[PDB]
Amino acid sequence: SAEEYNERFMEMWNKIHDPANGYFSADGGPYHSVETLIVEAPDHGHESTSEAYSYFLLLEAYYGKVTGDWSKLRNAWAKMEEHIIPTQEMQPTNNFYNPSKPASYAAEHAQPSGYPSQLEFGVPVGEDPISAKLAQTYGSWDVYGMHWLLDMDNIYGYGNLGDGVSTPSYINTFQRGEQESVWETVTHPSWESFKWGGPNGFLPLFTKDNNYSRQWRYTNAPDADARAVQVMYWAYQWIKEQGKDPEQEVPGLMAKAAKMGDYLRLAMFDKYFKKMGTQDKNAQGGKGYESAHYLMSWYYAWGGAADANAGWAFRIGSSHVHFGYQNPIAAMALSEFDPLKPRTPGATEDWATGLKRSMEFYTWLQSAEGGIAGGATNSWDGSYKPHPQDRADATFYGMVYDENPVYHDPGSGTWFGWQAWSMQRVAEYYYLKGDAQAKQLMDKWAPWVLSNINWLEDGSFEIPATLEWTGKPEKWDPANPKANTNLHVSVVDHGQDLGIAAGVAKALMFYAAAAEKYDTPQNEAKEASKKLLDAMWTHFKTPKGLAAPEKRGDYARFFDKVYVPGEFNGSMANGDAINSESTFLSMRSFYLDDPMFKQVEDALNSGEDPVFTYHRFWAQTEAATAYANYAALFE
């Protein structure tokens, strides 16, 4: 029944919202995870992410759907704005920004030891063709987008605006290229007041310059902003399905969603607004949209000098594009659905171009077997180097194929989770529009997944976890696309990642629903969806939601040394040292007081991998909502 699956969702929703289970901080924002000791993208479980906020929106949107009560969604959007979108006071100097000269170039490097990277004021940067028009639209130079990373409990001691106290605290980590794993960062405040770090705060870890100024900067995760917009598209439909009025149920939120998708266009540009196909850092930069790829790149970022003695601000897009970030639902909403169309002239056209280009990108990256390959870069080696001869033909509108876009430790192509996150969105598009390109993609992707799930003796399962890639796609040709017969993927590891299992279930259910509506039924997809969901319910119940144990041998890296320059002498807020003998743990010695830490040490001291059972907000939300989703589609 529908009512049973809806009850499973409600039970989960109740668990997530019961304060005894610890999903939310003192300020009412989701944590990454209930458990504090966890290292993967954030480096503590009581960090939070724009991803978590986007999932908080999803959770409360389904609660609306099921119950008629939209107040939870109103609350979630308000918490997002309050916590994770910098107020004017927190982004105080966007008036310094010059869209004709958006930033100054620094190379990326193949190891963190490459950093700090020299700012090269003789290297041309292209024009930003959107910021001035966004500022005119909204009456403000400020950016309305989520920063990616918060410290919810002030565990690093930065507070906000240099205050050492306020929560959620804006922080950042990753800054030192493709080999800077989550283990190798130095966690630093978004507001750089030179209070901590060295004499010039944390800045000289990252960029070399003659002068260092106090400053603020934020870094967007486009996949999370895109997800927020996707959720609101669905929320609108669900409200209308109840015969209610979105302007009474979620007043102002569609307009704020369309604003966020307006600024999210910054993700569609090369890092330094270089022309597509740029293969020399010295090349004159783009004008207008010459530097647009129209996809959801790895980030956009913006920042500004604290004061007029310095008097600068910057914006950058990203030159790395991973398939796992794309979102045809957000692009279709922002280009076609009136209540979410952004107001800045051009913005509906860019998103229409984005929607098309993203469907070409999934097609271009589809392996012989069905999995989607990593993505592409407009900056080979993060220095606009020449495209290597061994992949020189493998291009997509000027960008070259990259099997592991952005990061290599571990490879960003190797995680199966991206398959599920991004293909769910294609499956939704197939469902919504009966789109032929989406159908063809999913016809090839769905059975590759199904073929690689192992059903276990006890009724449980293992899904694909880790991937290995060989080869390259053919040169993209939208007029005559070639079969990528020399791009291959193998599944080399399986696991019980229930967040990813739920995302597979959802991709499968939308694919099956779409097929029944528009083509021939795909009963195996539908049954596999249901089996996953039922096997999770009957094998992985916990007091806090649905979770499976996981081995984390990677936690040996707590004790790894981290690159810090010889000239750099710094302190963390708790007085931990930042120097050339620092390790991940020695700069995060609060972990010594965490109960789970003793368990890591004891396990590693016994020659064993530690084992944890995690309740990640995004996963518990994905699992909870997958029950509601199935009931909505099939009952």
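From 1 onward, residues are counted along the sequence shown.
Colleague: Which of the two stretches, 230-238 or 489-497, shows the higher mean Cα temperature factor in the record?
Modeller: Looking at the record's C-alpha B-factors, the answer is 489-497.
Colleague: On mean C-alpha B-factor from the PDB entry, just flag whether 186-194 or 202-210 is the higher one.
Modeller: The recorded data point to 202-210.
Colleague: Select one of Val250, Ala512, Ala308, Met268: the residue whose C-alpha shows the highest B-factor in the crystal structure entry.
Modeller: Top of the list by C-alpha B-factor: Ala308.
Colleague: Say you rank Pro116, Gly374, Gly371, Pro92 by Cα B-factor from the PDB entry; which sits at the top?
Modeller: Largest recorded C-alpha B-factor: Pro116.
Colleague: Place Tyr53 in the lowest, middle or highest third of its chain's C-alpha B-factors, as listed in the PDB entry.
Modeller: Lowest third - that is where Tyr53 ends up once the chain's C-alpha B-factors are sorted.
Colleague: Give the position of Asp393 by CA B-factor within its chain, expressed as the lowest, middle or highest third.
Modeller: According to the entry, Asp393 has a C-alpha B-factor in the chain's highest third.
Colleague: Sorting the chain's modelled residues by C-alpha B-factor, tell me whether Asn605 ends up in the lowest, middle or highest third.
Modeller: Top third by C-alpha B-factor.
Colleague: Ranking the modelled residues of this chain by C-alpha B-factor as given in the entry, is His322 in the lowest, middle or highest third?
Modeller: For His322, the deposited C-alpha B-factor lands in the middle third.
Colleague: By the recorded C-alpha temperature factor, relative to the other modelled residues in its chain, which third is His387 in?
Modeller: It belongs to the highest third of the chain when residues are ordered by C-alpha B-factor.
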